[PDB]
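Here is the structure we will look at, set down as structure tokens.
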2 protein chains.
Amino acid sequence: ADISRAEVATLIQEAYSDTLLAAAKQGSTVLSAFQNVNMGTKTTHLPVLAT
Amino acid sequence: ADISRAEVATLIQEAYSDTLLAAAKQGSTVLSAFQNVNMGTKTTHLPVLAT
């Protein structure tokens, strides 16, 4: 007639560790690759040479 | 061939002017012709001579 781990219920109690939890985060590529134009209205018109 | 006003495109911008925008706001006539009475509750009783 043994005493099992199951028979010692919650006198044995689990620990917790956050060591795997943290995750690094990556921004937009296009915000660093190219010029960020500040806008003050929904639309801006840019003329370009066409012929 | 010639350069049309459409083919200059957005090099011809379009302008703005708020000179027609402003309109006056008008108060209540009765709220300035007559006495404004304070109230602390929905109903007030005023006794008057009747006969």
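Residues in the structure tokens are named by chain (A, B, ... in the order shown) and by number from 1 within that chain; ligands are numbered from 1 in the order shown.
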
Output, as a PDB file with C-alpha atoms, in the first residue's frame, the coordinates of chain B following least-squares superposition onto chain A across all in-order C-alpha pairs.
```pdb
ATOM      1  CA  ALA B   1      -0.514   0.292   1.005  1.00  0.00           C
ATOM      2  CA  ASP B   2       1.648   3.324   0.037  1.00  0.00           C
ATOM      3  CA  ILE B   3       1.448   7.120  -0.507  1.00  0.00           C
ATOM      4  CA  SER B   4       1.030   7.810  -4.270  1.00  0.00           C
ATOM      5  CA  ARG B   5       1.983  11.116  -5.961  1.00  0.00           C
ATOM      6  CA  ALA B   6      -1.787  11.806  -6.471  1.00  0.00           C
ATOM      7  CA  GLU B   7      -2.483  11.273  -2.717  1.00  0.00           C
ATOM      8  CA  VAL B   8       0.028  13.961  -1.721  1.00  0.00           C
ATOM      9  CA  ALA B   9      -2.391  16.237  -3.698  1.00  0.00           C
ATOM     10  CA  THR B  10      -1.599  19.998  -3.986  1.00  0.00           C
ATOM     11  CA  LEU B  11       1.338  19.786  -1.524  1.00  0.00           C
ATOM     12  CA  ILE B  12       3.149  19.170  -4.835  1.00  0.00           C
ATOM     13  CA  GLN B  13       2.553  22.592  -6.420  1.00  0.00           C
ATOM     14  CA  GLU B  14       3.262  23.437 -10.095  1.00  0.00           C
ATOM     15  CA  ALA B  15       5.717  26.137 -11.149  1.00  0.00           C
ATOM     16  CA  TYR B  16       5.829  28.991 -13.686  1.00  0.00           C
ATOM     17  CA  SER B  17       8.446  30.562 -16.014  1.00  0.00           C
ATOM     18  CA  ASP B  18       8.061  33.373 -18.574  1.00  0.00           C
ATOM     19  CA  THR B  19      11.513  32.550 -20.130  1.00  0.00           C
ATOM     20  CA  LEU B  20       9.861  31.404 -23.428  1.00  0.00           C
ATOM     21  CA  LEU B  21       7.157  34.153 -23.451  1.00  0.00           C
ATOM     22  CA  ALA B  22       8.947  37.175 -24.941  1.00  0.00           C
ATOM     23  CA  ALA B  23       8.676  37.693 -28.729  1.00  0.00           C
ATOM     24  CA  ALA B  24      10.143  40.605 -30.737  1.00  0.00           C
ATOM     25  CA  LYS B  25       7.886  43.012 -32.720  1.00  0.00           C
ATOM     26  CA  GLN B  26       8.940  43.971 -36.276  1.00  0.00           C
ATOM     27  CA  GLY B  27       8.164  47.333 -37.945  1.00  0.00           C
ATOM     28  CA  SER B  28       7.132  48.069 -41.544  1.00  0.00           C
ATOM     29  CA  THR B  29       9.912  47.770 -44.135  1.00  0.00           C
ATOM     30  CA  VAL B  30       8.418  50.429 -46.437  1.00  0.00           C
ATOM     31  CA  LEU B  31       7.827  52.914 -43.578  1.00  0.00           C
ATOM     32  CA  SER B  32      11.642  52.777 -42.896  1.00  0.00           C
ATOM     33  CA  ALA B  33      13.100  52.204 -46.414  1.00  0.00           C
ATOM     34  CA  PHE B  34      11.323  55.299 -47.881  1.00  0.00           C
ATOM     35  CA  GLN B  35      10.479  58.900 -46.908  1.00  0.00           C
ATOM     36  CA  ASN B  36       7.479  59.392 -44.603  1.00  0.00           C
ATOM     37  CA  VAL B  37       5.438  62.395 -45.886  1.00  0.00           C
ATOM     38  CA  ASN B  38       3.006  64.305 -43.616  1.00  0.00           C
ATOM     39  CA  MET B  39      -0.588  64.892 -44.850  1.00  0.00           C
ATOM     40  CA  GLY B  40      -3.239  67.387 -43.587  1.00  0.00           C
ATOM     41  CA  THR B  41      -6.135  65.961 -45.708  1.00  0.00           C
ATOM     42  CA  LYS B  42      -7.142  62.699 -47.495  1.00  0.00           C
ATOM     43  CA  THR B  43      -5.654  63.676 -50.921  1.00  0.00           C
ATOM     44  CA  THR B  44      -2.446  65.364 -52.189  1.00  0.00           C
ATOM     45  CA  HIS B  45      -1.598  66.158 -55.842  1.00  0.00           C
ATOM     46  CA  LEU B  46       2.016  65.862 -57.058  1.00  0.00           C
ATOM     47  CA  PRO B  47       2.766  67.180 -60.602  1.00  0.00           C
ATOM     48  CA  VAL B  48       5.546  65.319 -62.505  1.00  0.00           C
ATOM     49  CA  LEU B  49       7.195  65.838 -65.912  1.00  0.00           C
ATOM     50  CA  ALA B  50       5.657  63.318 -68.359  1.00  0.00           C
ATOM     51  CA  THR B  51       7.190  63.822 -71.880  1.00  0.00           C
TER      52      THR B  51
END
```

*In chain B, what's helix (DSSP H, G or I) per DSSP? Answer as a PyMOL selection string?*
chain B and resi 9-11+18-20+30-33
